[PDB]
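Undergrad: One structure, as structure tokens, below. Some questions next.
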Amino acid sequence: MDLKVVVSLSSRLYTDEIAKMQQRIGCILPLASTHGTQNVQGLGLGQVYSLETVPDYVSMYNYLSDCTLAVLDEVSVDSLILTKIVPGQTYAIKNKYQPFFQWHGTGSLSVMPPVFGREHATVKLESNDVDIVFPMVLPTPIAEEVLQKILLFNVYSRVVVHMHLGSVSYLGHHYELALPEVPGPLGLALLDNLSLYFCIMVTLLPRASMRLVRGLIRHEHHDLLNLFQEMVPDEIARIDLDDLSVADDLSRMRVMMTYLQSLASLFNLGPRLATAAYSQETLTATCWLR
Amino acid sequence: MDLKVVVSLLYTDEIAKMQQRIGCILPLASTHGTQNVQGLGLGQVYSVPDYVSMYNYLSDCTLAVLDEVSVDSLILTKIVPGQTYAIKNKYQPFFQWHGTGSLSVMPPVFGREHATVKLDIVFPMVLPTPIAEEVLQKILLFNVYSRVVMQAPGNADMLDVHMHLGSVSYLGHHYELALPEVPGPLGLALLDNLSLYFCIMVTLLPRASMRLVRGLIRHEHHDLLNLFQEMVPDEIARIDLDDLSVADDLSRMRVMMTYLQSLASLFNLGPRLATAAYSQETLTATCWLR
Amino acid sequence: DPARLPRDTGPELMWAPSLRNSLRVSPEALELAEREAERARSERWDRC
């Protein structure tokens, strides 16, 4: 099987843009089509992420799940070549991303809209008067942390604690990320579906576990319990006044675990990469699409 | 392609107890040719038991059905998502399989002495998906109901929690479970912290739900269902507190978000095997990684 | 247990909001008709 997409630039390319693109060899890039040759429009995440002030991250996710994925291997003047990522093949994906997230041994990678700025992960192509930006590829737990930090800033916007939320923290370094103000109707639709999920959670949640944790806060102190500050919440008081019954609890848990799988799939936006055998000395990982 | 993994290390009782299990699976440490003894299944993770790290180790590292056992070597084949395989249900908690039912692999919850071979080797439990989520619910609520009656014996009765958790039922197969009647408090058991995760997310779900519903209703109307599903919960958990420290509420929301995502990935049953043609005559099942 | 919505259009489902399941009410015209018909009712009493 031959996976080689040559993208002919419609104009030339200066040496500074060539030297800037040549540093980003091995980084994941999306494509418009899956065909043999393509033009430069549609390449990268730049067609949905215009040169504006306002971002929208969930629309870039809806782009990224829609489009295909490719890795940048050869860039020349007037033409640069890409290697597609089709499910079923196994690829060597190098860690050539500037906010250096250290990768786990046989963990799971995850592509991402550029959360650390437009100017950070981009190449300015004045010659073809377009912009190619590069989607971030970070491991899946830190990706979940970034996604939930974005949603938490989306919900806390009508309240205000900012730098305690607007900066991700990793063992390599803690990083700031760009915080928009409104995701339009799509981020609010994602919050709508997650609001449905959360409200139906607080409908069907069991009561014996609250009766566990109310006495348990009074019994034990833990790092799972320090955030309550040794104060049982009042909802635990005004729900635990009822009795305990195991039959309705098993009826409740048969919908709890039924809904939590779909809630887990409400965070699988953006395609996911399953990696293996990442060497920390060559910064590449034998990885394939999940 | 070549697929064998020859691990080098037995005697007649070891020969017998390994030849009983010539169709079961176990995880490895690497996808390479020759391995040591320690890199075999679940030795370094089950000796204090804890379900979350065992699930992380089972989903992280690869898997391998073993084929033959010599006096000194164990010729085994790793399973890759490319081609298909054949496995057997030769496990000490015996669950009868069925055709085209998804098979899961969970870490052994029914005792270390049940699923092991003492020369060490620990095989993970292989059992179908609806029985998997059923026994997971029935050990979670068993831990909660045992801990509350070790806290307060007047909350529930020990016989009342045992007529519905001492047995599972799928497709008429009415199985039974081995429950630890003496778990011992302050954790220190298997499934001792997953219930401690479940109670924290159940506790923090109302504080998330009120902040999330009130945060979205001023986003006037994206859909009906931000305000349609306000009627379905009880009104007691609706108007609970509405005044708290924004940093403390932020930490509570973030803690419940990460404990929700980890528990949601865990309640997704793990590395799911998809069988095709089970035959209870030969006790074999044509499966593949899915 | 009701819920409040601005708009929709044209379902097959019977219990589903729409523009065709909207009652065409005018408060001004009905109130004037009422106020005038009330006057007519008042004038109806004093013929007997």
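Simple scheme: letters A, B, ... for chains in structure tokens order, numbers from 1 for residues in each chain, numbers from 1 for ligands in the order shown.
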What parts of region 1-192 of chain B does DSSP call alpha helix (DSSP H)? I'd like the answer as a VMD selection string.

TA: chain B and resid 12 to 19 51 to 60 129 to 151

Undergrad: Give me the residues within 12 Å of residue 9 (chain C) as a VMD selection string, counting only C-alpha atoms and dropping any in the same chain fewer than 5 places off.

TA: chain C and resid 16 to 22

Undergrad: Show me, as a PyMOL selection string, the residues that have an atom within 9 Å of residue 3 (chain C) when counting only C-alpha atoms, minus same-chain residues fewer than 3 positions from it.

TA: chain B and resi 224-225+227-231

Undergrad: I need the residues in region 88-265 of chain A that are strand (DSSP E or B) according to DSSP; give them as a list in words.

TA: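 So the strand (DSSP E or B) residues in region 88-265 of chain A would be residues 89, 90, 91, 92, 93, 94, 108, 109, 110, 111, 112, 122, 123, 124, 125, 130, 131, 132, 133, 136, 137, 138, 139, 167, 168, 169, 174, 175 and 176 of chain A.
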
Undergrad: Return the neighbours of chain A among the residues of chain B, cut-off 6 Å, counting only C-alpha atoms, as number ranges by chain.

TA: B: 148, 199, 209, 215, 226, 233, 247, 264, 268

Undergrad: Out of C:8, C:46, C:1, C:38, which residue has the shortest atom-to-atom distance to chain B when counting only C-alpha atoms?

TA: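 Looking at the shortest contact to chain B, the residue is C:1.
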
Undergrad: Residues at most 9 Å from residue 72 (chain A), counting only C-alpha atoms, excluding those fewer than 3 positions away in the same chain, as a list in words?

TA: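 Once the nearby chain positions are removed, what remains is residues 24, 25, 26, 27, 28, 29, 75, 80, 81, 82 and 83 of chain A.
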
Undergrad: To one decimal place, how far is CA of residue 39 (chain B) from CA of residue 262 (chain B) in Å?

TA: 25.7 Å

Undergrad: Enumerate as a list in words the residues belonging to chain C that approach chain B to within 10 Å, with only C-alpha atoms taken into account.

TA: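 Residues of chain C within 10 Å of chain B, counting only C-alpha atoms: residues 1, 2, 3, 4, 5, 6 and 7 of chain C.
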
Undergrad: Filtering to N, CA and C atoms, could you give me those residues as a PDB file, in the first residue's frame?

TA:
ATOM      1  N   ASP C   1     -45.311  19.429  35.087  1.00  0.00           N
ATOM      2  CA  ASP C   1     -43.921  19.690  34.729  1.00  0.00           C
ATOM      3  C   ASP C   1     -43.803  20.190  33.289  1.00  0.00           C
ATOM      4  N   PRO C   2     -43.894  21.501  33.088  1.00  0.00           N
ATOM      5  CA  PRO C   2     -43.716  22.059  31.747  1.00  0.00           C
ATOM      6  C   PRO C   2     -42.311  22.587  31.492  1.00  0.00           C
ATOM      7  N   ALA C   3     -42.052  22.888  30.218  1.00  0.00           N
ATOM      8  CA  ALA C   3     -40.783  23.448  29.767  1.00  0.00           C
ATOM      9  C   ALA C   3     -41.052  24.467  28.670  1.00  0.00           C
ATOM     10  N   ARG C   4     -40.240  25.521  28.617  1.00  0.00           N
ATOM     11  CA  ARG C   4     -40.530  26.696  27.801  1.00  0.00           C
ATOM     12  C   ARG C   4     -39.559  26.830  26.631  1.00  0.00           C
ATOM     13  N   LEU C   5     -40.102  26.959  25.415  1.00  0.00           N
ATOM     14  CA  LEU C   5     -39.332  26.949  24.167  1.00  0.00           C
ATOM     15  C   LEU C   5     -39.793  28.048  23.216  1.00  0.00           C
ATOM     16  N   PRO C   6     -38.860  28.710  22.498  1.00  0.00           N
ATOM     17  CA  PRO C   6     -39.258  29.671  21.455  1.00  0.00           C
ATOM     18  C   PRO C   6     -39.924  29.090  20.208  1.00  0.00           C
ATOM     19  N   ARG C   7     -39.335  28.086  19.548  1.00  0.00           N
ATOM     20  CA  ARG C   7     -39.804  27.738  18.206  1.00  0.00           C
ATOM     21  C   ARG C   7     -39.395  26.328  17.794  1.00  0.00           C
TER      22      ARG C   7
END

Undergrad: Could you list, as a list in words, every residue within 9 Å of residue 88 (chain B), counting only C-alpha atoms and ignoring same-chain residues fewer than 5 positions away?

TA: residues 21, 22, 23, 24, 25, 282, 283, 284 and 285 of chain B

Undergrad: Rounded to one decimal, what separation in Å do you get between CA of residue 19 (chain B) and CA of residue 68 (chain B)?

TA: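 If I compute the distance from CA of residue 19 (chain B) to CA of residue 68 (chain B), I get 7.5 Å.
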
Undergrad: With a distance cut-off of 12 Å and only C-alpha atoms, select the neighbouring residues of residue 51 (chain B), excluding the residue or stretch itself and same-chain residues fewer than 6 positions from it, and output the selection as a ChimeraX atom specification.

TA: /B:42,45,57-58,106-110,124,136,139-140,187-197,263,266-267
